[PDB]
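1. Model the structure of this input:
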Amino acid sequence: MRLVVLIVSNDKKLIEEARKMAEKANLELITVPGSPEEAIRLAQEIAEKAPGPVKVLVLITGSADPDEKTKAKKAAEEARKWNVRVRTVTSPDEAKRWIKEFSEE
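-> Numbering: from 1, shown residues only. Now the structure:
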């Protein structure tokens, strides 16, 4: 049972708090550029090439442009079948929280 966390942002503190959670909770967290499609398409790969059942969490930071939101909408629709869930984060507190519940709780 491998859990994956894919974070869409380019921050210092946020990426810290996000990965610090993953490191201590043995979660596979990968930093994604601020584009939502990139993350989900990688999630599809990670889930695909994963031996056994996995759980993928994608965290989009901040506000999504119409295009980005449209991508994230269709991508999440598909990603649902890959056992992936996408959540929006604004502060590292939210990110840490979503990772906490997703971790083992």
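2. Surely residue 79 touches residue 43?
-> Yes: between residue 79 and residue 43 there is a contact at 5.8 Å, judged by CB atoms under 8 Å. All C-beta atoms are positioned from the backbone trio N, CA, C, and that covers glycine.
3. Now the common contact residues for those two.
-> Taking CB atoms under 8 Å, 6 or more residues apart in numbering as the contact rule, residue 79 and residue 43 both touch 56, 58.
4. So for those two, which sits in the more crowded spot?
-> residue 43 (28 against 22; other CB atoms under 10 Å).
5. which ones are touching the more buried one?
-> 4, 6, 56, 58, 79, 82, 84.
6. ditto for residue 62
-> If you count contacts by CB under 8 Å, 6+ apart, then residue 62 has 9, 90 around it.
7. cool, and residue 1?
-> Residue 1 neighbours (CB under 8 Å, 6+ apart): 52-55.
8. farthest-separated two in those?
-> Maximum pairwise distance among the contacts of residue 1 (CB to CB): 11.0 Å, between 52 and 55.
9. Which residues are in contact with each of these two?
-> 1-2.
10. Who has more neighbours out of these two?
-> residue 55 (18 against 6).
11. Residues in contact with the helix or strand where that one lies: which ones?
-> Using DSSP states H and E, residue 55 sits in strand 54-61. Contact with strand 54-61 is made by 1-9, 11, 14, 18, 34, 36, 39-40, 43, 46-47, 72, 76, 79, 82-90, 95, 98-99, 102, as judged by CB under 8 Å, 6+ apart.
12. The following helix or strand past it: how far from the chain's middle?
-> Once the chain leaves strand 54-61, the next helix or strand it forms, by DSSP H and E, is helix 66-79. With CA atoms, centre = their mean, to the nearest Å as the basis, helix 66-79 stands 13 Å off its chain's centre.
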